[PDB]
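Taking the form deposited in one PDB entry, here's one chain by itself in structure tokens.
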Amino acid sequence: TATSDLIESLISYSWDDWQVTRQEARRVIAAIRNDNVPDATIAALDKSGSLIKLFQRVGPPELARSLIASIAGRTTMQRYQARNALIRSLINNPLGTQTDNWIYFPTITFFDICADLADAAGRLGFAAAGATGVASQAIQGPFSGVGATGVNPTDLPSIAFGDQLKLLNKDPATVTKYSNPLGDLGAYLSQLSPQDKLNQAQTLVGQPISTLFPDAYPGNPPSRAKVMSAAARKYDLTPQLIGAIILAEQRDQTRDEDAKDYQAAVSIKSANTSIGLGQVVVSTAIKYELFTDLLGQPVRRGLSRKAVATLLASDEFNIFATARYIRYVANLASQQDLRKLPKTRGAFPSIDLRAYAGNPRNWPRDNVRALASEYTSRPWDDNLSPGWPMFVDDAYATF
């Protein structure tokens, strides 16, 4: 192919220094991403022995990621060949992609994750590029987490070693620094105009996903809106419900709590934090296989607990985990015995258990409020969150 020839050339010579590789790598990457016959290009490079060479000399992990994500994502019938060549190449320099944000993914796992993700995006309808939407500039206080900011939790500076110890010791001022920003939920909503609310919703939903696998997409990453809508379709929900759940979480979220959420999850302690857009709990994602529809079983069986925590910090994975969990809460509700849930009955008089089994388009508003309570807290134990129902309801209204 045109692209194989081109790449054959950049490979026609060894590389002097770190910078040459840098520019040559960048150039092969773009060629791959703009190539219209990606399968035939891989087949040509395979034949030449050049496919293996390509992987061997795109050295710096940062660039190996872009290369591996792009190839895994763009190829189909020849993808197995790229995987084969990658594996062969790893024998020498095994470092591959397994560094920084991606330390919990073996390199081949990174390839397989990109492959599944690319396939799921096309299949489920969220491959299409998002518009460069605007993100909040906040770094503190309510709505300063990834939802508002677009800053991936995984990119945040380590919490100082000293403060980590203070967290472990439950030092009030430090715990406060790193926890839910909100106490009085109603008081927070009160300081927001309907326009402010609407602006938070747009900010939240309109910006590109903060993904850990950007090059697994054909072009730029999709908007969160696109991912939520795809997830609504897959789980028989609505993007508006998914949106309202996440917006509420994200108002009760700060940059600092993001940092805590992720770092504690991947620490010695392997804390069971709630992470990312929908604040999904690590143990919950594992126990209910919340990644089932984005990742194939082989990959899923290989993920360590910390790889799971890291995925929860990738917006698409989080959004699908959140949606799947919502559908799970609703299904479980539809199977309850309402006479055995009198507190629920009391707080939400128009609740309709049967309706939960179907699309939210038909839920009474009280189903939304009840589910909200049963999303922050244990589901359908008849013990309620006093404040989350109205908090989520308000966000729902905005959508």
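Each form is matched to the other, and the largest set of C-alpha atoms that superpose within 1.5 Å is called the rigid core. The numbering used is simple: start at 1 and walk along the sequence shown.
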| item | value |
| --- | --- |
| Entry-level comparison of average CA B-factors, 81-89 and 307-315, reporting the higher stretch | 81-89 |
| Stretch with the higher entry mean CA B-factor, where the candidates are 7-15 and 380-388 | 7-15 |
| Top Cα B factor in the deposited entry, candidates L332, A355, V368, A43 | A43 |
| Out of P94, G150, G186, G162, residue topping the C-alpha B-factor column of the entry | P94 |
| Chain-relative CA temperature factor third for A64 | highest |
| CA B-factor ranking of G206, expressed as a third of its chain | middle |
| Chain-relative CA temperature factor third for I113 | lowest |
| B-factor third for the C-alpha atom of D171 within its chain | highest |
| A128 - Cα temperature factor, lowest/middle/highest third of chain | highest |
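There is another form of this protein, the form deposited in another entry, and it is not shown here; the text below is about that form.
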| query | finding |
| --- | --- |
| Identity of the moved residue from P194, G219, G183, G162, C-alpha shift 2 angstroms or more, core fit between this form and the one not shown | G162 |
| C-alpha of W15 moved at least 2 Å between this form and the one not shown on rigid core | yes |
| Shift in CA distance, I7 and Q19, in the other entry relative to the form shown here, given it is 3 Å or more | closer |
| Relative Cα spacing, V20 and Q56, in the other entry - shift of 3 Å or more | closer |
